[PDB]
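The block underneath contains the structure these notes are about, expressed in structure tokens.
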Amino acid sequence: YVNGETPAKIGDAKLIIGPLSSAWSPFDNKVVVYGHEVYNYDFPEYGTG
Amino acid sequence: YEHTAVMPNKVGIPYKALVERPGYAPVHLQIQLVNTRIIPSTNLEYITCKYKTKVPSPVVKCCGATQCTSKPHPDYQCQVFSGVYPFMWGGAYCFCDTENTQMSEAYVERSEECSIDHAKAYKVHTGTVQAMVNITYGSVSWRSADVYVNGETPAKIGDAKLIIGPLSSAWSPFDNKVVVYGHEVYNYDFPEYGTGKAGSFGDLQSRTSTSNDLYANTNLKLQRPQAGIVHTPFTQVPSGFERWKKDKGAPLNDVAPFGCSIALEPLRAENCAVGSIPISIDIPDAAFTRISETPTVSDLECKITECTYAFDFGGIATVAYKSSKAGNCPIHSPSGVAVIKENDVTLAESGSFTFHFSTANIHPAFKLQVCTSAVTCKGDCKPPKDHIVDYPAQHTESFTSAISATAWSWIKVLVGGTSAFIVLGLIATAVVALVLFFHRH
Amino acid sequence: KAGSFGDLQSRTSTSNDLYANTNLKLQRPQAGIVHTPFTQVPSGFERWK
Amino acid sequence: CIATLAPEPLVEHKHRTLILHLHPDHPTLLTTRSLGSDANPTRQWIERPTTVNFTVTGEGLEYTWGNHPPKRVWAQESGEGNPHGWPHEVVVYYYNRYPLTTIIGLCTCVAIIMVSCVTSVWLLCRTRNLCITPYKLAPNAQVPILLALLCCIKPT
Ligand SMILES: *[C@@H]1O[C@H](CO)[C@@H](O)[C@H](O)[C@H]1NC(C)=O
Ligand SMILES: *[C@@H]1O[C@H](CO)[C@@H](O)[C@H](O)[C@H]1NC(C)=O
């Protein structure tokens with residue numbers, strides 16, 4: 001786990017990896033999953049469509 | 001018919017309004033909030049509970065040296081203590097005096113009580129805001145239906161469409177990381193998984209209540225058995241769950257600002273009166289009545305009988321109401337310095353009706369809208385005698401609610417005194433300048 | 001007062017007036033049990049003592 | 001499990017103050033918080049008969065005594081003094097209602113009125129000097145008698 005505090009026991013070595021310098025994520029606040037595709041859709045709120 | 005407004009987030013205090021539609025008599029609208037739930041979106045990180053040091057039976061090797069084998073177990077410790085001459089009731093468990101070995105193994109497990117008591121570590125970021133609303137309009141009675149406060153989700157309350165929200169303030173009592181224990185919630189910056197120290201909190205961390213990883217750092221150290229005794233001594237740091245339990249200061253149920261009441265299925269903060277809520281109701285056209293079929297009230301004259309700026313309805317007023325025809329008719333005070341208790345009045349051809357109201361002003365000067373026409377009510381109010389009451393205030397102060405006529409006259413006389421003195425000085429300077437100029441030229 | 005001193009005051013040792021202010025509140029009996037639970041402020045005489 | 005229910009506090013009300021007399025049988029937890037923006041939470045273990053004097057505002061207070069349900073109180077504007085009457089009475093009323101926007105108010109309506117007073121007085125002294133200095137500088141003149149009065153001037 002890339003958080004910079006959680007050890008991982010790899011063989012006989014302890015790795016404390018992370019955290020990522022950049023908090024960038026491709027996903028926006030609202031996404032729509034269809035099959036295997038993901039879209040950054042500002043979908044209408046429930047009851048608004 | 002659409003009607004937009006903004007109401008405070010206070011629970012139990014009705015927002016009243018008079019929906020006026022061109023060509024129809026006004027309809028009285030009453031929107032009240034039974035509760036408002038700030039329901040965060042949580043994500044369980046791990047569960048901590050007491051540990052149980054499972055100590056399997058030691059392996060005693062009579063004339064041999066049996067050796068350690070690391071097992072994939074939480075805090076597994078195996079030690080090979082040598083030169084043991086165990087005695088037990090038959091007496092002489094192994095022959096060889098000194099070349100005897102005992103393998104002592106110990107490992108920490110989740111306690112039996114983890115399924116009943118445990119601390120759940122959660123990361124909350126932001127969820128929905130839900131509320132139950134009571135609305136009445138005209139003769140339609142109370143409806144009491146549940147809504148989402150997002151400003152976009154209609155709620156069909158009876159026959160009216162309510163689009164409530166969003167809350168003006170995005171404040172939520174919960175921080176990023178919280179700990180749920182029983183019915184209490186704490187804002188604890190809990191250690192991440194696999195980081196927990198030996199005895200403070202999260203010394204035993206399990207992702208779920210039925211997980212098998214069960215990270216556990218309790219400083220297990222097997223000790224050398226006592227001469228002649230077959231047993232498995234060990235030393236361990238006492239559980240950090242219990243240390244937390246008697247060192248946890250204060251839940252969020254008590255500290256929480258604004259009077260949030262924290263409930264736990266789901267985790268939410270309820271009835272905390274912060275900010276304001278836009279509203280947009282759509283009253284049906286069946287409620288409205290044509291303006292011709294409704295009484296006309298004239299010659300309105302309002303007298304305030306005894307009044308006091310208490311938190312409850314500490315004001316009584318009477319209006320003489322010489323009318324045209326008889327029937328029910330709404331009453332409302334839009335100024336916001338008085339809150340009227342009753343919604344409608346029954347009117348005969350002429351007479352007087354009495355209405356109660358609550359106010360914070362020493363001098364409540366408020367306009368009362370009866371039916372269509374309006375009457376201005378003014379009067380004087382006395383302090384309430386009761387110091388501490390058991391109900392919230394039904395009104396709002398406005399930074400002018402206490403000034404009163406005498407103190408107004410004083411700020412007047414003071415401000416006017418300075419102003420007049422300075423203006424007399426400037427006029428004196430102008431007069432001297434003019435008199436000198438006319439002397440010279 | 002209720003629990004400081006003189007919470008129970010009698011003019012004589014054999015009097016019948018017996019002013020007594022000790023905040024006696026009865027509590028609801030437990031489910032299914034015939035008893036008379038009550039709550040009271042502890043005696044101000046012993047607090048004085 | 002059945003848990004003890006502590007004896008009810010005796011509640012007395014003073015202006016913006018809740019006086020609770022607490023008589024525990026066993027060590028009992030007392031917790032308070034104000035219902036405004038700042039909780040000001042207080043947590044206490046009461047083991048002995050004690051009187052506690054929480055400050056209740058108009059925003060509210062909520063106190064839990066032992067296993068009793070939490071109880072919420074609000075303070076009304078019931079302070080002392082006579083608005084509509086003599087100036088000292090007005091001051092004491094607004095000091096009970098608003099302790100630290102009357103001190104500020106008086107102090108900044110008194111420093112301000114003093115500052116205005118001294119500037120206007122200085123300006124009036126200057127205009128007087130200017131009015132009289134010419135006539136002073138003429139030992140002989142007929143004096144614009146109305147001006148001889150309106151400033152202090154010792155005419156011919
Ligand atoms: C408000 O709704 C509640 C249920 O949420 C209901 O019990 C109550 O009757 C309604 N208000 C009034 C004044 O009846
Ligand atoms: C609380 O107030 C009462 C009466 O004003 C007084 O007797 C008592 O000493 C006060 N206690 C504290 C802790 O302020």
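Easy rule for this one: first residue shown is 1, then count along the chain.
Cβ coordinates are placed from backbone N, Cα and C, and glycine is handled just like the others.
As annotated by Swiss-Prot, disulfide bond applies to D:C131-D:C152, with the evidence given as a large-scale study or a structure entry. According to Swiss-Prot, the N-linked glycosylation site annotation covers D:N53, on the basis of sequence analysis. Annotation comment: Swiss-Prot describes D:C131, D:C151, D:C152 as S-palmitoyl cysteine, evidence class similarity to another entry. Positions annotated as region 'Transient transmembrane before p62-6K protein processing' by Swiss-Prot, on the basis of sequence analysis: D:130-150.
Sequence features, as recorded in Swiss-Prot, placed on the structure.
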residue: D:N53; record: N-linked glycosylation site; DSSP class: coil
residue: D:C131; record: disulfide bond; DSSP class: helix
residue: D:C151; record: S-palmitoyl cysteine; DSSP class: coil
When C-beta separations to chain B are restricted to under 8 angstroms, which of the recorded positions D:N53, D:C131, D:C151, D:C152 qualify?
D:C131
Residues satisfying Cβ distance under 8 Å from D:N53 (N-linked glycosylation site), sequence separation of at least 6:
D:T17, D:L18, D:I19
Counting only residues 6+ away in sequence within the same chain, which have a CB under 8 Å from the CB of D:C151 (S-palmitoyl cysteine)?
D:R128, D:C131, D:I132
With an 8 Å cut-off on Cβ-Cβ distance and a minimum sequence separation of at least 6, pull the same-chain contacts of D:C152 (disulfide bond), or say none.
D:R128, D:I132
Cβ under 6 Å from ligand 2: which of the recorded positions D:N53, D:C131, D:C151, D:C152 qualify?
D:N53
Specify the count of other C-beta atoms within 10 Å of the C-beta of D:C131 (disulfide bond).
22
